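What follows is one structure encoded as structure tokens, with my remarks underneath.
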Number of protein chains: 2
Amino acid sequence: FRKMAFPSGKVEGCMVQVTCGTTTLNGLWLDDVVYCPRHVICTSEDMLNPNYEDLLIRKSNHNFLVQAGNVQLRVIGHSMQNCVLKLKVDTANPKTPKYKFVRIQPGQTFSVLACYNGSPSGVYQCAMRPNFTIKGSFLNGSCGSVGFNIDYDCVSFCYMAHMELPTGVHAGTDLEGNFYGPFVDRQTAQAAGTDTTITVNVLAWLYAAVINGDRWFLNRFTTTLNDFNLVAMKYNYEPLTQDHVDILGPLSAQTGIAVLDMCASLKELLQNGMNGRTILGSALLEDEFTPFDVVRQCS
Amino acid sequence: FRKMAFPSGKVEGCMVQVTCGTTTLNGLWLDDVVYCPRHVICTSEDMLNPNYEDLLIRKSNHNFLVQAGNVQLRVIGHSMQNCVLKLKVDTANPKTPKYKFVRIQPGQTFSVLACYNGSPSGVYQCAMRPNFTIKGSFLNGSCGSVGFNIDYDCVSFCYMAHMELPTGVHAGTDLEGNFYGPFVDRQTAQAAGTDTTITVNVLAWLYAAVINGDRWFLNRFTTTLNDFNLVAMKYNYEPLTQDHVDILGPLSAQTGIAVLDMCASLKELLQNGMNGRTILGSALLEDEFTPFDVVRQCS
């Protein structure tokens, strides 16, 4: 069962390079505006306790060097929205796709175009962790890399990277400058809170194994939502809500397995173990597939 | 450690839909030639024992309908090279990237752009298994999907999918129509030989773990190349050759751990087992990262 990313062509046409002084990172060019992290007006000695509000007023438009491949963009205005910087240019991007800005919830999935230079270099599929961090790549320079979903022909941008934490994860904001989680863009000691497994996603991954003919883990028993969550808290699983149960309705119909029946299966795997056998080629339970992802891939 | 695919934009601009009678599948439009699997001239009847030379002789150019998005292309010639059909059109692809055709060997990695319609739908990173099959998509219609690498703005095409095997994996050809492995484009009882773990890739993935500060699996022992292969084959691992020892030279230099010392580490995980700990976030040893891949993401 391949974890697949969305094709990145529509986003590749929007990536630019933004340089201010000695620091360079990636920006997003849509219409006649370039979006990038605001801490580009900072150096390393400036990152300690910077006042972006006071620092930005001393900048001038030509202080910003923007290159779209081998062409230079003329900056004609600057402004700031939360933790995102907005550079206005004199030319609208002819490769601009149909797009919109959205904010996702913990547990939802999206694709990330990692640009560790100023030109794209790789793409991968990931999930927003309950502690609001993203694992992703480990080679940097990708500050300003973007995350997105695609629905037919419309790109929904949901994430832009700002910082890399000590454990290899990074943290960021939506495209309107609002951070995900309790992080800030300062040079302070920051650390991610303890993480948790995404219960509804693990259940959706078990429906996909049954659709692919992997049925050894099913049993005859059922459980209550209360009895299950008591199990969930002991193994560091997110509690299951009635909202999550409804989302799984379609897969329960297609397979003929009641949602609380699959919870019985999951209950035994956690309590008892996987006994050497594997589900879809993996000895661990996968939690980076949403219910929606499973149906999209299983028609 | 993200398994990353290459950005797919340059390949997306080359995907077309090819229809012949009742059969439709994906094609590759480069310059004024479209490449696709030759079994697009077959029915469900002809796939048992088709005579392609006889089926192609009965066709004329107007028998082939080629659609590039919202535009139909005019076919002005047809030809066959091994198991690949070549359609000549009167219009060159304006989005043709710098490209070339190559043939890979088992163990190498590449990206797959899955188009289960005539339009792209997902991208993923994979490795050619020692038994010559690919762990690919599971919803069909993707026949004619393409696999590629990108190095310095040049697209290297290495794979096109032709058939779906009974275990869910796919088999295919290079871009010159020659199959990988002992497979043919007939719908006869075919099966892949037993698979094996790609030893040299696992060793490169263990060097990457040491680069990220994960050293718990190391020990103070060394081994001979023969004693290692004696243990390795017992777990269905590929034998290690002196050429594979050389390939790992750079990574051993960067870390300061001799290749045969790392083989000792792997020997211990295999003989004794992993049990409860996980290495790079996996309770299984990973084999879809080549030495080349490791150096490109760990500098």
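Every chain in the structure tokens has a letter given in the order shown (A, B, ...), and although residue numbers restart at 1 in each chain, ligands are simply numbered from 1 in the order shown.
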Compile the residues of chain B that lie within 8 Å of chain A, evaluated using only C-alpha atoms, and express the compilation as an NGL selection string.
:B and (1-10 or 12 or 113 or 120-124 or 135-139 or 282-284 or 297-299)
Generate a file of the selected residues that holds N, CA and C atoms, formatted as a PDB file, in the first residue's frame.
ATOM      1  N   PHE B   1      13.437   9.858   8.659  1.00  0.00           N
ATOM      2  CA  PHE B   1      14.159   9.934   7.395  1.00  0.00           C
ATOM      3  C   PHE B   1      13.183   9.764   6.240  1.00  0.00           C
ATOM      4  N   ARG B   2      12.806  10.875   5.618  1.00  0.00           N
ATOM      5  CA  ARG B   2      11.784  10.814   4.587  1.00  0.00           C
ATOM      6  C   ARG B   2      12.298  10.089   3.354  1.00  0.00           C
ATOM      7  N   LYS B   3      11.533   9.096   2.916  1.00  0.00           N
ATOM      8  CA  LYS B   3      11.642   8.604   1.556  1.00  0.00           C
ATOM      9  C   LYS B   3      11.018   9.659   0.648  1.00  0.00           C
ATOM     10  N   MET B   4      11.820  10.258  -0.226  1.00  0.00           N
ATOM     11  CA  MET B   4      11.368  11.380  -1.036  1.00  0.00           C
ATOM     12  C   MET B   4      11.361  11.019  -2.512  1.00  0.00           C
ATOM     13  N   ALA B   5      10.335  11.484  -3.209  1.00  0.00           N
ATOM     14  CA  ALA B   5      10.261  11.370  -4.656  1.00  0.00           C
ATOM     15  C   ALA B   5      10.758  12.663  -5.288  1.00  0.00           C
ATOM     16  N   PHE B   6      11.144  12.565  -6.553  1.00  0.00           N
ATOM     17  CA  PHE B   6      11.513  13.751  -7.302  1.00  0.00           C
ATOM     18  C   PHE B   6      10.267  14.566  -7.644  1.00  0.00           C
ATOM     19  N   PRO B   7      10.396  15.888  -7.761  1.00  0.00           N
ATOM     20  CA  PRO B   7       9.259  16.693  -8.227  1.00  0.00           C
ATOM     21  C   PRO B   7       8.816  16.248  -9.615  1.00  0.00           C
ATOM     22  N   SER B   8       7.501  16.152  -9.803  1.00  0.00           N
ATOM     23  CA  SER B   8       6.941  15.468 -10.963  1.00  0.00           C
ATOM     24  C   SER B   8       6.478  16.406 -12.066  1.00  0.00           C
ATOM     25  N   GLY B   9       6.691  17.715 -11.922  1.00  0.00           N
ATOM     26  CA  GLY B   9       6.150  18.654 -12.895  1.00  0.00           C
ATOM     27  C   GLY B   9       6.597  18.379 -14.320  1.00  0.00           C
ATOM     28  N   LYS B  10       7.885  18.090 -14.515  1.00  0.00           N
ATOM     29  CA  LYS B  10       8.377  17.897 -15.877  1.00  0.00           C
ATOM     30  C   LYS B  10       7.770  16.665 -16.538  1.00  0.00           C
ATOM     31  N   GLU B  12       4.659  15.496 -15.721  1.00  0.00           N
ATOM     32  CA  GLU B  12       3.238  15.778 -15.896  1.00  0.00           C
ATOM     33  C   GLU B  12       2.958  16.426 -17.244  1.00  0.00           C
ATOM     34  N   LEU B 113       5.144   8.167 -11.432  1.00  0.00           N
ATOM     35  CA  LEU B 113       3.989   9.049 -11.554  1.00  0.00           C
ATOM     36  C   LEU B 113       2.803   8.207 -12.014  1.00  0.00           C
ATOM     37  N   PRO B 120      -2.569  12.697 -14.320  1.00  0.00           N
ATOM     38  CA  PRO B 120      -1.799  12.278 -13.144  1.00  0.00           C
ATOM     39  C   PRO B 120      -2.643  12.325 -11.881  1.00  0.00           C
ATOM     40  N   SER B 121      -2.344  11.408 -10.962  1.00  0.00           N
ATOM     41  CA  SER B 121      -3.068  11.336  -9.700  1.00  0.00           C
ATOM     42  C   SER B 121      -2.185  11.160  -8.468  1.00  0.00           C
ATOM     43  N   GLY B 122      -0.959  10.652  -8.600  1.00  0.00           N
ATOM     44  CA  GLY B 122      -0.084  10.518  -7.445  1.00  0.00           C
ATOM     45  C   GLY B 122       1.343  10.247  -7.867  1.00  0.00           C
ATOM     46  N   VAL B 123       2.256  10.401  -6.908  1.00  0.00           N
ATOM     47  CA  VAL B 123       3.678  10.157  -7.134  1.00  0.00           C
ATOM     48  C   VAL B 123       4.254   9.434  -5.923  1.00  0.00           C
ATOM     49  N   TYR B 124       5.156   8.480  -6.166  1.00  0.00           N
ATOM     50  CA  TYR B 124       5.788   7.758  -5.067  1.00  0.00           C
ATOM     51  C   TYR B 124       7.176   7.280  -5.476  1.00  0.00           C
ATOM     52  N   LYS B 135       6.580  -2.942  -6.246  1.00  0.00           N
ATOM     53  CA  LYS B 135       5.498  -2.736  -5.290  1.00  0.00           C
ATOM     54  C   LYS B 135       4.797  -1.429  -5.641  1.00  0.00           C
ATOM     55  N   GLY B 136       3.740  -1.491  -6.444  1.00  0.00           N
ATOM     56  CA  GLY B 136       3.116  -0.280  -6.944  1.00  0.00           C
ATOM     57  C   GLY B 136       1.685  -0.021  -6.523  1.00  0.00           C
ATOM     58  N   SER B 137       0.956   0.719  -7.357  1.00  0.00           N
ATOM     59  CA  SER B 137      -0.419   1.062  -7.048  1.00  0.00           C
ATOM     60  C   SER B 137      -1.290  -0.192  -7.080  1.00  0.00           C
ATOM     61  N   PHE B 138      -2.513  -0.054  -6.569  1.00  0.00           N
ATOM     62  CA  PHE B 138      -3.428  -1.181  -6.490  1.00  0.00           C
ATOM     63  C   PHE B 138      -4.723  -0.974  -7.249  1.00  0.00           C
ATOM     64  N   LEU B 139      -5.108   0.267  -7.529  1.00  0.00           N
ATOM     65  CA  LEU B 139      -6.192   0.540  -8.455  1.00  0.00           C
ATOM     66  C   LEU B 139      -5.593   0.641  -9.851  1.00  0.00           C
ATOM     67  N   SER B 282      11.347   2.618  12.505  1.00  0.00           N
ATOM     68  CA  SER B 282      10.812   1.414  11.894  1.00  0.00           C
ATOM     69  C   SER B 282      11.269   0.205  12.693  1.00  0.00           C
ATOM     70  N   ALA B 283      10.353  -0.739  12.907  1.00  0.00           N
ATOM     71  CA  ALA B 283      10.687  -2.006  13.536  1.00  0.00           C
ATOM     72  C   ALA B 283      11.178  -3.026  12.518  1.00  0.00           C
ATOM     73  N   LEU B 284      11.348  -2.602  11.266  1.00  0.00           N
ATOM     74  CA  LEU B 284      11.935  -3.403  10.204  1.00  0.00           C
ATOM     75  C   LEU B 284      13.103  -2.635   9.604  1.00  0.00           C
ATOM     76  N   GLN B 297      21.120  13.347   0.737  1.00  0.00           N
ATOM     77  CA  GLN B 297      20.276  13.970   1.745  1.00  0.00           C
ATOM     78  C   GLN B 297      20.995  14.242   3.059  1.00  0.00           C
ATOM     79  N   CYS B 298      22.157  13.629   3.285  1.00  0.00           N
ATOM     80  CA  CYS B 298      22.930  13.825   4.506  1.00  0.00           C
ATOM     81  C   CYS B 298      24.190  14.653   4.278  1.00  0.00           C
ATOM     82  N   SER B 299      24.338  15.259   3.102  1.00  0.00           N
ATOM     83  CA  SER B 299      25.535  16.024   2.758  1.00  0.00           C
ATOM     84  C   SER B 299      26.815  15.299   3.173  1.00  0.00           C
TER      85      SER B 299
END
Could you name the residues that touch range 63-66 of chain B at 6 Å or less, counting only C-alpha atoms, but leaving out those on the same chain fewer than 4 positions away, as a ChimeraX atom specification?
/B:17-20,72-73
Non-local contacts of residue 151 in chain A (10 Å; only C-alpha atoms; under 4 positions in same chain excluded) as an MDAnalysis selection string
chainID A and resid 6 99 155:156
For the structure I just gave you, how does DSSP split range 32-252 of chain A - specifically, which residues are strand (DSSP E or B)? Reply as a PyMOL selection string.
chain A and resi 33-37+65-68+71-73+75-81+84-89+99-101+109-114+122-127+134+146-151+154-164+170-173+179+197+237
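Atom pair CA of residue 248 in chain B / CA of residue 292 in chain B has a distance of 9.3 Å (rounded to one decimal).
The gap separating CA of residue 169 in chain A from CA of residue 256 in chain B is 26.6 Å, in Å to one decimal.
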Distance query range 77-81 of chain A at most 10 Å, only C-alpha atoms, self and fewer than 6 positions along chain excluded, as number ranges by chain
A: 33-35, 37-38, 52-53, 56-57, 59-62, 64, 87-90, 175-178
So that I can see what lies close to residue 36 in chain B, please list as a list in words the residues with an atom at most 6 Å from it, counting only C-alpha atoms and leaving out residues fewer than 2 positions away in the same chain.
residues 27, 84, 85 and 144 of chain B
